[PDB]
Amino acid sequence: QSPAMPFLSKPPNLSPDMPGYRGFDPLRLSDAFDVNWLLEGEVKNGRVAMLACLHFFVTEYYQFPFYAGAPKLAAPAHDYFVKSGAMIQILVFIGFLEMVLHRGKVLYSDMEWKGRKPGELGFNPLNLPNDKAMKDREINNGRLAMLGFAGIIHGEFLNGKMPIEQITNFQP
Amino acid sequence: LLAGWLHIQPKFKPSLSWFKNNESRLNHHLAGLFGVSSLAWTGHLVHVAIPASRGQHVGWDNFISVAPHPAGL
Amino acid sequence: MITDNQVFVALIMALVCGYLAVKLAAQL
Amino acid sequence: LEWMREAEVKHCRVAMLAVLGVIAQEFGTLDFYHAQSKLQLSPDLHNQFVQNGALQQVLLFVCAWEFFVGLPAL
Amino acid sequence: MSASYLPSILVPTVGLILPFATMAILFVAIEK
Amino acid sequence: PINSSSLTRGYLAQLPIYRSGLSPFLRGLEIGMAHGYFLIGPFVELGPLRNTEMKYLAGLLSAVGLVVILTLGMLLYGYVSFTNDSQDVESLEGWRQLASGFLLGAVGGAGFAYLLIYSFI
Ligand code: CLA
Ligand code: CLA
Ligand code: CLA
Ligand code: CLA
Ligand SMILES: CC1=C(/C=C/C(C)=C/C=C/C(C)=C/C=C/C=C(C)/C=C/C=C(C)/C=C/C2=C(C)C[C@@H](O)CC2(C)C)C(C)(C)C[C@H](O)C1
Ligand SMILES: CC1=C(/C=C/C(C)=C/C=C/C(C)=C\C=C/C=C(C)/C=C/C=C(C)/C=C/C2=C(C)C[C@@H](O)CC2(C)C)C(C)(C)C[C@H](O)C1
Ligand SMILES: CC1=C(/C=C/C(C)=C/C=C/C(C)=C/C=C/C=C(C)/C=C/C=C(C)/C=C/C2=C(C)CCCC2(C)C)C(C)(C)CCC1
Ligand SMILES: CC1=C(/C=C/C(C)=C/C=C/C(C)=C/C=C/C=C(C)/C=C/C=C(C)/C=C/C2=C(C)CCCC2(C)C)C(C)(C)CCC1
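Structure determination for this entry, per the PDB record, employed cryo-EM and reached 1.92 Å resolution.

Structural data, given as C-alpha cells:
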C-alpha cells in the first residue's frame, strides 16, 4: 500500500498533501511522534544541513580574509572558533532566531500550527511562489543536503581530505 | 526486548494454562536452563579457557580446527 | 585498543536497543 | 506459521546465494581480493574477509536491511 | 581512550540535558 | 497612608506582573531585564572561574544557562496550569508571551550588566 515500500502498509498519519511524501516510514516514527513536529524537524534539519553543505563548499577556495589562518577541516575549525569565541555568538543568535521564528512556542508540547503548515515560519522577503510543488523541491534539496553533509564530515574524519579533492582520483 | 514486545502482541500472548504448566517448565529449566547451560559452559572451559590457561589461543577464528584434547573424541 | 569506529558501532547497536526498549515500554 | 514461513524463505534465499557464491568463488575470485585460501567455507578465508573489511561492509547493509526492512516486513 | 571527546558530549547529555527533558516530560505526564 | 494595604498594593500595582496596560510580552520583558541584570552577579564574583580571564564570560553564560532553565520551567508551568487559552497572563497564550518576554529580557539584562562592568571595570 505504501508507494515507496509496497510490501509494507501505508503509514496512516502521513498524507500525500505533505511535501516529499512517498509513504516512507518503515520504523513508523509518525505513530510514535506528531507528524507536524517530524515535518518541521525534517525541513529544519534540511535547511541547517543545506547551509552546512554550502559552508564547506565556499570555505575551501576562500576563507573570508578577516578569519584567515584557520583550518577548514570540520573538527579543527570547531575547536578554533569555540576558542576564538565566535561559535558562542552564533549559538545565542541561532537561539534568538529559534525563539523569534517559532514566536515563543518552541517545545514539542507547546509548538502549534494554527494558520501555518509545517515549515511555514513566515520568511519570504522576495515573495517567490510557496503553496505548490516548491515545498517538494525544498524537501528533496534538504534531504540530499542532510546525506550530503554526512558524506562531507565522514570523508573529513576518514583521511583528513578536502570535499573537492575527494572527487579527483583517490582510493585508500 | 523483541521477545518482550512480541509476547504482549495479541497472537503471541501465552494463555493462563501455558503459564501453569509446572511439569514442562521444570523439565526444560532443569535439563535446558541449568543442564545444557552447564554442558555448553563446560564446552567453553575445555575449548577456550583451558587452552588460554596454557597460552594456546583458541577463538572463533580457529576453534573448528583446534581440538581441546590430543586424543580427540 | 578499541577504534573510534568500534565505539560508534557500539552506539548504533545501543540506539537499536533504545528503539526496541521504547517499543516494549510503550506497550507494557 | 507466518514467522516460520518468513524464516524458511529467508534461509532459502541466503542459502541459494551462498551455494552459488561458493561455486562462483571456486571457479574464479577477483585479483585485488588476494584470496590465499581456495576453500571458501574454511575459517581461514572467512577470517581474511572479516580483516579485509569486505564481510564488515556487507554485514552493515545486511544489518541495515534487517532493521529498516526485514523487521518491519516480519 | 580513542574517542576521548565523547565523554565531553555524553556526560552533559546524560547528566544535564536528558534529566531536564525527562523531568519536563514526567511533569507534563503526571499533571495531565 | 495606611502602610499595610495602601503603600503595599500601591507599589505592587505598578510592578510589571500587575501593571494595567502592559501586553504579556512587555510584562515578561521588564521582569526579564530586572532578573537577568542582577543574576549575573553571583556567577561572575563567586563562580569557579572568578580569578581567571573568563570571570565575566563564565558569569554571563551561567546566567543565560540559569535563565533558560527558568524559562523552560515557566513554559512547563503554563502548559500544565492553563488548558484554556486567552490574551490575559493567566492563560496558555499569555503565559508563553510572558515567558518569551522574560527570556529576551533576562538574556538582554545579563548582556547589559556584562556591558557596563566591561565599560566601568
Ligand atoms: C530449554 C528451555 C528453556 C530455557 C533455556 C528457558 C529459560 C528461561 N526461562 Mg523458561 N520456560 C520454558 C523453557 C525454557 N526456559 C518452557 C517450556 C516454559 C513453559 C512450560 C517456560 C516458561 C517460562 C516462564 C513463564 C518464564 C520463563 C523464564 C525464563 C528465564 C528465567 C530468567 C533467567 O534468565 O534465568 C537464568 C537461569 C540460569 C542461568 C540457571 C542457573 C541459575 C542458578 C541460580 C545457578 C547459579 C549461577 C551459576 C553458578 C552461574 C554463575 C555465572 C557467572 C556470574 C559466574 C530464562 C531465560 C522467565 C522469564 O524471564 O521470561 C522472559 C519467565 O517468567 N520460562
Ligand atoms: C554458558 C555457555 C557459554 C558462555 C557464557 C560463553 C562465554 C564466552 N565465550 Mg564461549 N563457548 C561456548 C559456551 C559459552 N561461552 C561453547 C559451547 C563453545 C563451543 C565449544 C564456546 C566456544 C567459544 C569460542 C571459540 C570463543 C568463545 C568466546 C566466549 C567469550 C565471548 C563470547 C561472545 O562474544 O558472545 C556474545 C554472546 C552471545 C552472542 C550470546 C547469544 C548466543 C547465541 C544466540 C548463540 C550462538 C553462539 C555463538 C555466539 C556463535 C556460534 C558460532 C558458530 C560457528 C557455531 C565469552 C566469555 C570467545 C572468546 O573471546 O574467548 C575468550 C571466543 O573466541 N567461546
Ligand atoms: C553530569 C552532571 C553535571 C555536569 C556535566 C555539571 C557541570 C558543571 N557544573 Mg555542576 N552540578 C550538578 C551536575 C553537573 N554539573 C548537580 C547535580 C549539582 C547540584 C549538587 C551541581 C552543582 C553545581 C554548582 C553549585 C556549580 C556547578 C558548576 C558546574 C560547571 C563547572 C565547570 C566550570 O568551571 O564552568 C564555569 C561556567 C561556564 C563555562 C559557563 C557555562 C554554563 C552553562 C553551560 C551555560 C550554557 C548556556 C546555553 C546557551 C544554554 C544551555 C543551558 C542549559 C539547558 C544547559 C560545569 C558546567 C559551577 C558553575 O559554574 O555553574 C554555572 C558551579 O558553581 N555545579
Ligand atoms: C547552601 C549554601 C551554599 C552557598 C552559599 C554556596 C556558595 C557557593 N558555591 Mg557551593 N555548594 C553547596 C552549598 C553552597 N554553596 C552544596 C550543598 C553543594 C553540593 C556539594 C555545593 C557544590 C558546589 C560546586 C560544585 C560549586 C559550588 C560553588 C559555589 C560558589 C558559586 C555558586 C554560584 O554561582 O551561585 C549562584 C547563585 C545565585 C544564582 C543566587 C544566590 C541567591 C541570591 C543571592 C539570593 C538573593 C535574595 C535577595 C537578598 C532577596 C531580596 C528581595 C528584594 C528585597 C529585592 C558560591 C561561593 C562554585 C564555586 O566555584 O565555588 C567557589 C562551584 O563550582 N558549590
Ligand atoms: C558527499 C560529498 C559530495 C557532496 C554533494 C551533495 C550530494 C550535495 C549536498 C549540498 C546541497 C544540495 C546544498 C543545498 C543548497 C542550499 C543553498 C545555499 C540554497 C540558497 C538559498 C535558497 C534559494 C533559499 C533561501 C531564500 C528563500 C527563503 C526564498 C527567497 O526568500 C530567497 C532566499 C532568501 C534566497 C560531493 C559530490 C561534493 C563529493 C565529495 O567528495 C563528498
Ligand atoms: C526517513 C526515515 C529513515 C531515515 C533516513 C536517514 C538517512 C536520515 C538521517 C539524517 C541525517 C543524515 C542528518 C544529518 C544532517 C543534519 C544536521 C542538522 C546537519 C547540521 C550540521 C552543521 C550545522 C554543523 C556546523 C559546522 C560548520 C558548517 C563548519 C565546521 O567547520 C564546524 C561545524 C560545527 C561541524 C529511516 C531509514 C530511519 C526509516 C524511517 O522509518 C524513515
Ligand atoms: C549514528 C551516528 C551517530 C550517532 C549516534 C548516537 C549519538 C547514538 C546514541 C545512542 C543512544 C542514546 C542509545 C540509547 C540507548 C537506550 C537503551 C538501550 C535503553 C534501555 C532500556 C531498557 C532495556 C529497559 C527499560 C524499561 C524500563 C526501566 C521501564 C519500562 C520497561 C522497560 C523494561 C522497557 C554519530 C553522531 C556518532 C555520527 C556517526 C553516525
Ligand atoms: C539595597 C537596598 C534596596 C535594594 C535594592 C534592589 C532590590 C535593587 C535592584 C535593582 C535591579 C535588579 C536593577 C536592574 C536593572 C536592569 C537593567 C538596567 C536592565 C536593562 C537592560 C537593557 C538596557 C537592555 C536589554 C536588551 C538588550 C541589551 C539586548 C536585546 C534584548 C533587550 C532589549 C532586553 C532597597 C531598594 C530594597 C532598599 C534600599 C537599599
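Back to the text.
Chemist: Got a minute to help me understand the overall build of chain F in this structure?
Modeler: Counting secondary structure elements, chain F contains four helices and zero strands. Overall, chain F shows an N-to-C arrangement of helices and strands of α-α-α-α. Oriented by its inertia axes, the alpha-carbon framework of chain F measures out at about 50 × 40 × 20 Å. Burial analysis of chain F (121 residues in total) assigns 36% to the buried set. Taking the intrachain contacts of chain F between residues at least 6 apart in sequence as the baseline, contacts between residues at least 24 apart amount to 57%.

Chemist: Help me out: how do you make sense of a nonpolar patch on the surface in this one?
Modeler: Nonpolar side chains collect at one region of the surface, where A:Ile90, A:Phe93, A:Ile94, A:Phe96, A:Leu97, A:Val100, A:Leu101, F:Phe25, F:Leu26 and F:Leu104 lie side by side and expose about 820 Å² of accessible area between them. Of all elements in the fold, only α4 (87-102) of chain A together with α2 (24-46) of chain F reach the threshold of two or more residues within the nonpolar patch. Its place among the elements puts A:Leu97 in helix α4.

Chemist: Can you help me understand the coordination of the magnesium atom of ligand 1 in this one?
Modeler: Six octahedrally arranged donors around a metal ideally form angles of 90 or 180 degrees; four tetrahedrally arranged donors ideally form angles of 109.5 degrees. No other protein atom reaches the magnesium atom of ligand 1 as a donor apart from B:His29 (NE2), found 2.2 Å away. Looking at the secondary structure, you find B:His29 in helix α3 (residues 22-53).

Chemist: Even after reading the chapter, I still don't get the coordination of the magnesium atom of ligand 2, so can you show me in this structure?
Modeler: Looking at the protein side alone, the magnesium atom of ligand 2 has one donor only, B:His44 (ND1), at 2.2 Å. Note on placement: B:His44 falls in helix α3.

Chemist: So what exactly am I meant to see when it comes to the interface of chain B and chain D here?
Modeler: The interface of chain B with chain D comprises five residues on the first partner and five residues on the second. Across the chain B to chain D interface the summed buried area is about 380 Å²; carbon plus sulfur atoms make up 76%. Here chain B and chain D share zero salt bridges between them. Connecting chain B to chain D are one residue pair in polar contact. Across the side of chain B that touches chain D, the residue classes tally to three nonpolar, no polar and two charged.

Chemist: Help me understand the site of ligand 1 in this model?
Modeler: Residues and elements named next belong to chain B. Taken together, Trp 18, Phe 19, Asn 21, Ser 24, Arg 25, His 28, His 29, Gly 32, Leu 33 and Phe 34 make up all the residues around ligand 1. The contact in question runs from a nitrogen atom of ligand 1 to an N or O atom on the side chain of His 29, over 3.0 Å. Secondary structure elements with two or more residues in the shell around ligand 1: α2 (16-19) and α3. By residue number, the principal contributor to the shell around ligand 1 is α3, which donates seven residues.

Chemist: What should I look at first to understand the interface of chain F and chain A in this one?
Modeler: By convention, interface size is frequently given as the accessible area that disappears when the constituent parts associate. Contact residues are listed per partner, giving nine residues for chain F and 11 residues for chain A. Approximately 890 Å² of surface area, both sides summed, lies buried where chain F meets chain A, with 68% of it carried by carbon and sulfur atoms. On the chain F side of the contact with chain A, F:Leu75, F:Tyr79 and F:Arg96 bury the most area, a combined 46% of that side's loss. Run the count over chain F and chain A and you get one salt bridge. A salt bridge links F:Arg96 to A:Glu112, with the shortest nitrogen-to-oxygen separation between them at 3.1 Å. Counting every contact that joins chain F to chain A gives two residue pairs in polar contact. Of all elements in the fold, only α3 (55-81) and α4 (92-119) of chain F reach the threshold of two or more residues within the side of chain F that touches chain A. Here the side of chain F that touches chain A gets five residues from one element, more than from any other, and that element is α4(F).

Chemist: For this particular structure, what's the right way to read unusual backbone geometry?
Modeler: Note: most peptide bonds trans; most residues except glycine with negative phi. All names here are of chain A. Positive phi outside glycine occurs at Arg 103, with the angle close to 65°. Its place among the elements puts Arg 103 in the loop between α4 and α5 (134-158). Take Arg 103: its relative accessible area is 61%, and that puts it in the exposed class. The phi dihedral of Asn 127 falls on the positive side, at around 70°, and the residue is not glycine. If you trace the backbone, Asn 127 turns up in the loop between α4 and α5. For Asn 127, a relative accessible area of 62% gives the class exposed.

Chemist: It is not clear to me how the environment of F:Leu49 should be interpreted in this structure. Could you clarify?
Modeler: Residue and element names in this part refer to chain F. One can find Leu 49 in the loop between α2 and α3. We classify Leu 49 as partly exposed; its relative accessible area is 29%. In this view, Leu 49 contacts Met 54, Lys 55 and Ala 58; residues no more than four positions away in its chain are not counted.

Cut-offs and rules
- Residues numbered from 1 in each chain as written, not as in the entry; some residues may be left out.
- Chains lettered and ligands numbered in written order.
- Part of a larger assembly, values for the part shown.
- Heavy atoms only, no water.
- Helix = DSSP H or I, 4+ residues; strand = E, 2+ residues; numbered from the N terminus.
- Buried < 20%, exposed > 50% of the residue type's maximum accessible area, 1.4 Å probe, protein only.
- Contact = heavy atoms within 4.5 Å.
- Patch = residues over 30% accessible without salt bridge, like charges linked within 9 Å, V, L, I, M, F, W, Y side chains within 5 Å.
- Areas by Shrake-Rupley, 256 points an atom, 1.4 Å probe, with all protein chains shown as cover.
- Salt bridge = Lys/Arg side-chain N within 4 Å of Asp/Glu carboxyl O.
- Donors = N, O, S within 2.8 Å, 3.2 Å for Na, K, Ca; no water.
- Buried area = accessible area lost by both parts, 1.4 Å probe.
- Polar contact = N/O pair within 3.5 Å; in protein donor to acceptor, adjacent residues only side chain to side chain.
- Nonpolar A, V, L, I, M, F, W, Y, C, P; charged D, E, K, R; others polar.
- Near = heavy atom within 4 Å.

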